[PDB]
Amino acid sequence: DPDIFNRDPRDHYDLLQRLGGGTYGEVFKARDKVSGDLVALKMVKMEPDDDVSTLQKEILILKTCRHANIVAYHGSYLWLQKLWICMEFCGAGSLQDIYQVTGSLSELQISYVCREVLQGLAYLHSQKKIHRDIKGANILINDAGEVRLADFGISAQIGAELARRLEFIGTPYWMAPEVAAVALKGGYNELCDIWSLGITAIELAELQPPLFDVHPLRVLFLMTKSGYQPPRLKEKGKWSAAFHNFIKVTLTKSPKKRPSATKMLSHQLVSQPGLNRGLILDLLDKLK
């Protein structure tokens, strides 16, 4: 990263508590030694022998995002084989941290979260970025009740992998166009995020994604079977027709028929005039 701080952030911050992991690295809550401002520091072990591509892509994504629904980026430090990504501290943690305490979210709270995530996704997709890891654990809530997408580790790993593989995929001159297409584009597109959002909406309503207790490898196989049916909400009577329809359309099996983030923003569920931060601030009130 051209803007890296070649200094130890511990000279400027006190590490207060561990905030868990993620795709890679350890996240800490940190307080500025003088200002008192709180930040999240994601520490990753570096080495002169280690490939910097993944971290380089993650920093590039975060630094070029300037949107209210994407975690803010403050800079990165490099000192004594440790890289520290400095980001916005989100006081309420992830939606998973929240629902594990409060129980299932109400339909209005899920509708607001969905609107906010779709705003973030519409922005990412407009910058030709794909999150590829949407789930309750990657949707953060700050004390202000703001919804922020986080952890671009999978997105960074995918992008770095696609670029790294190119040298070894073989000679392009004799390559079939469909092989070149998967080499450059990966075999899918940004609409994979829309599906993940539909699953996240079931997770917020039910406290688990569909097939949560099934071995992760068997899930992959089940999903590729020709008979695979998109998941549905379990408690039909609890939810409005708009919510069932939101699940139906975001979980469109064919990606050619699945609606874009911008199209989804006009959906009846997420375009309700009454959706506001008050819904989340209420959720944080229950947390206390």
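Heads up: residue numbers just count along the shown sequence, starting at 1. Each form is matched to the other, and the largest set of C-alpha atoms that superpose within 1.5 Å is called the rigid core.
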Returned stretch for higher CA RMS in 5 other deposited structures of this protein, core superposition, given 193-201 and 75-83, is 75-83
Of the two stretches 39-47 and 238-246, CA positions deviate more in 5 other deposited structures of this protein after rigid core alignment for 39-47
Of 33-41 vs 254-262, the stretch with the larger average CA B-factor in the entry is 33-41
Entry B factor averaged over C-alpha atoms, 195-203 against 140-148: higher for 140-148
From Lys63, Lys225, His244, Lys57, the top C-alpha temperature factor is at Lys225
Based on the PDB entry, the highest CA temperature factor among the options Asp133, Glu107, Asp97, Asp213 is that of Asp213
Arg218: CA B-factor among chain residues, third -> highest
In terms of its chain's C-alpha B-factors, the third that includes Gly75 is the middle
Chain-relative C-alpha B factor for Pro172 (record values, thirds): the middle
Of the three thirds of Cα B-factor ranks in this chain, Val52 occupies the highest
The third of the chain into which the C-alpha temperature factor of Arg232 falls is the lowest
